[PDB]
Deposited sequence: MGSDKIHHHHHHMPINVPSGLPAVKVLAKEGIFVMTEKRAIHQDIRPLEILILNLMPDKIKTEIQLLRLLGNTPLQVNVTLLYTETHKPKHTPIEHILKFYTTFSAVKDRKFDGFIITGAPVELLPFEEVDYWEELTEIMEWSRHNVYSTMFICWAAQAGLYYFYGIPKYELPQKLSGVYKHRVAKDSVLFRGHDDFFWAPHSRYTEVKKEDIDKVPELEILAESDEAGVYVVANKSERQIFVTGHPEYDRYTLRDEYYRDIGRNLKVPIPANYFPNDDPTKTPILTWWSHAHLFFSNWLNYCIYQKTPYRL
């Protein structure tokens, strides 16, 4: 069902979970991913897992900035699998995901590649049917399209938080009254700013985590502040990493049994993640363009 570049690590990883990606030649959906994460291989796997759960054919195209300051991912992988804005200016896509980045703490305009991002964002307004913006990207987009500013939090929001649906959307078909989603970020946007923009609507939120999903009335722009796509272990690995660097930090919230980091975490947000991305593909894209 989902099609991806030939040697992508995700193929063999996902193959282990019954998810058989492919690498060969109604029409398939064209889904673009602008991967801004530091661990690009992990994020690929997490997103591809959810784009594949479906009977629709998806073709995935992996995009990067021409500005590369080497973070985690090695240069070879980006060179092999990733393309630039220039090679896709001229195409149109049914969907587009712009992922998080570890960049919350700078003003938007003082990010290396804000100007590139801006051109791409603007382009997606016209060449992508529905664009989804995750984590810091939600903030970048809410800011660039609607003037919605971000704010530093007293401390880091890191854990799994409980949410409710604030406004009906097809995106939340199949949801229970309450669901869980991970958040991991040092900044936030606010109901009170968003509330001043009629084009925007708050679809889900959390008392602990705040605004979670906001969207256009047409749902051609969807802003997600958390990380529904994270693995059971994602937060744990981050925790063990920081602790191993002798940094003192909070145990992620509502994640570890009894808040015990040796005791393995309980997976509570898979259902939401899967429903959410299926609905996007089926309801926000396939049945609309």
Legend entry - Deposited-sequence ranges lacking C-alpha coordinates, in sequence order: 1-13, 39-44, 309-312
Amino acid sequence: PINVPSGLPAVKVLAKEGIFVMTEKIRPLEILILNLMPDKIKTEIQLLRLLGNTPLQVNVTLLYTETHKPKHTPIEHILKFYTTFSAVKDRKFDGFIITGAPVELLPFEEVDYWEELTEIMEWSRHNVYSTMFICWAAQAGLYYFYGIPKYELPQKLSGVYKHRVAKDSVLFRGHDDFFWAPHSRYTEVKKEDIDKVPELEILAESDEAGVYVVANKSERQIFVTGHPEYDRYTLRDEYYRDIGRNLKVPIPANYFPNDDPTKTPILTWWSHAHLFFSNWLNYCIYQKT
From here on, numbers count along this sequence of modelled residues.
Inset, instruction - Select between 106-114 and 133-141 the stretch whose C-alpha atoms have the higher average B-factor in the entry. - result: 106-114
Inset, instruction - Using only the Cα atoms and their B-factors as the entry lists them, report which of 68-76 and 88-96 averages higher. - result: 68-76
Legend entry - Deposited CA B-factor, highest of 163, 126, 175, 183: 126
Legend entry - Top Cα B factor in the deposited entry, candidates 44, 237, 229, 259: 259
Legend entry - Ranked against its chain, the third holding the CA B-factor of residue 101: highest
Legend entry - Among modelled residues of the same chain, the CA temperature factor third for residue 158: lowest
Legend entry - Entry-reported Cα temperature factor of residue 247, expressed as the chain third it lands in: highest
Inset, instruction - Could you look up the Cα B-factor of residue 254 in the entry and say which third of the chain it sits in: lowest, middle or highest? - result: middle
Legend entry - Relative C-alpha B-factor of residue 278, binned into the chain's lowest, middle or highest third: middle
